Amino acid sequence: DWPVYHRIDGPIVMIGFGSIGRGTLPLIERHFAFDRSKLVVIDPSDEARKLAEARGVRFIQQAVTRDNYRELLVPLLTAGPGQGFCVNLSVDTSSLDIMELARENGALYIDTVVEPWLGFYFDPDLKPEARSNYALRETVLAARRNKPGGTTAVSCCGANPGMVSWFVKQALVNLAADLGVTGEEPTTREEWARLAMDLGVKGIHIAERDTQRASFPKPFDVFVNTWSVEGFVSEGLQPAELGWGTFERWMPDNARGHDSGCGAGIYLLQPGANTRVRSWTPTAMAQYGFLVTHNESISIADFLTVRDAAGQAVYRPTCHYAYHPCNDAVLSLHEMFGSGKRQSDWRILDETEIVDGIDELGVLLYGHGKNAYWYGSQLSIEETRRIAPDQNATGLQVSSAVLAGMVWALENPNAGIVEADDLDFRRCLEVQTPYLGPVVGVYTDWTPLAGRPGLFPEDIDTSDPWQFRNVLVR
């Protein structure tokens, strides 16, 4: 049977019942022991309400807002008799404020994004830097500095950000084994960072190819995606963003850094979902990805930073997303950016609408002695349907990661504010792996120089194939 990892003895307050809430609820019911009615779902959507009613869960049809979130959430989180768990899977809500509220009230917390209150992402008076995931993440790091320890709150623990942090650790272990690098497995951040350095890992792509195909053709003036349309558009219109490696010797003219914070990132003055990068996955082989900003682009580069005694970085990997979403989402971005405005309507593909495909999601570690190594999940829609309900393959990678984070938090409930990079990666992957389909490590001799230069002159650097100069599509 399915493993039951823990008992939960307090309220489980799920904020949001979109594609990820819908996929996560069945895993929570499956893998935890608790009186069923301790679970309650909060979502303003009529669609969400109807689905929640069919699943027989307490449902509160309300938008969580800056004005109401304390009045709304505290009674739910503190109902007792035991410790509650806030499972935040929403858009338009402040991750930071809800996290701090849960912690004030002794409730566990998990989310999959550092989301702001409604009005941030398209605020015209905000500087591009302030709209960056680096900036959003720095608010979480500052919160941790302000109130160290206390109740566990897990930030950005979905598939990516989230699971991919655990993949990076496993990939580093595998590379070390394959390259004959000796020593016991790292047990501290500094040891992980030095292992990456010693292996010669210049950078990392979060290298993803979603091949899920719908049973209907893309409709005109409809944004189609396999997960949040609102969320993908939000991150897609944020600046392109990357963890910035010490080996990089070029940045584009419209790249900018940060005056404060962990120091691990740069951003570009252009939207990430209209920024292309050359990348690679096992099934796609060479492909374009979009350089969409992601928390882990910064958190992984930060985590793997080696500093000298003076606090200066001597090593840091480049790290960023290289996302090839489903074909209908590729068309949706072409339509949105070509129109200069969001489509009138949108839809998220249901498993019943998907005719085949996989969400191939892994980490591509490059620059080392075997050139490039991709490690990750090749989960298909067919396998997804066999092992978890109410979601597609994109959804299941995310929901299972939330499941893993919940198990970790319940096992470690007084660890304070943590990121996916802070968790025990083996324990998390132990929990998650039943839901990931084939999990494989693949070497390739592909580099961003492949086939180049072609018929035209290009701004390339063939002395160093993996330079961002070569990866960025200009």
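In case it trips you up, residue 1 is the first one in the sequence shown, and so on.
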Would you tell me which stretch averages the higher CA B-factor in the PDB entry, 307-315 or 329-337? 307-315
For the stretches 188-196 and 273-281, which has the higher mean C-alpha B-factor as given in the deposited record? 188-196
Between 245, 395, 75, 362, which carries the biggest CA temperature factor in the record? 75
Choose from 218, 209, 205, 137 the residue with the greatest Cα B-factor as stated in the PDB record. 218
Compared with the other modelled residues in the chain, in which third is the CA B-factor of residue 158? lowest
Within this chain's modelled residues, let me know which third the CA B factor of residue 289 belongs to: lowest, middle or highest. lowest
Could you tell me which third, lowest, middle or highest, the C-alpha B-factor of residue 106 occupies within its chain? highest
Among all modelled residues of this chain, ranked by Cα B factor, put residue 405 in the bottom, middle or top third, i.e. lowest, middle or highest. middle
On the chain's distribution of Cα B-factors, residue 375 falls within the third called middle
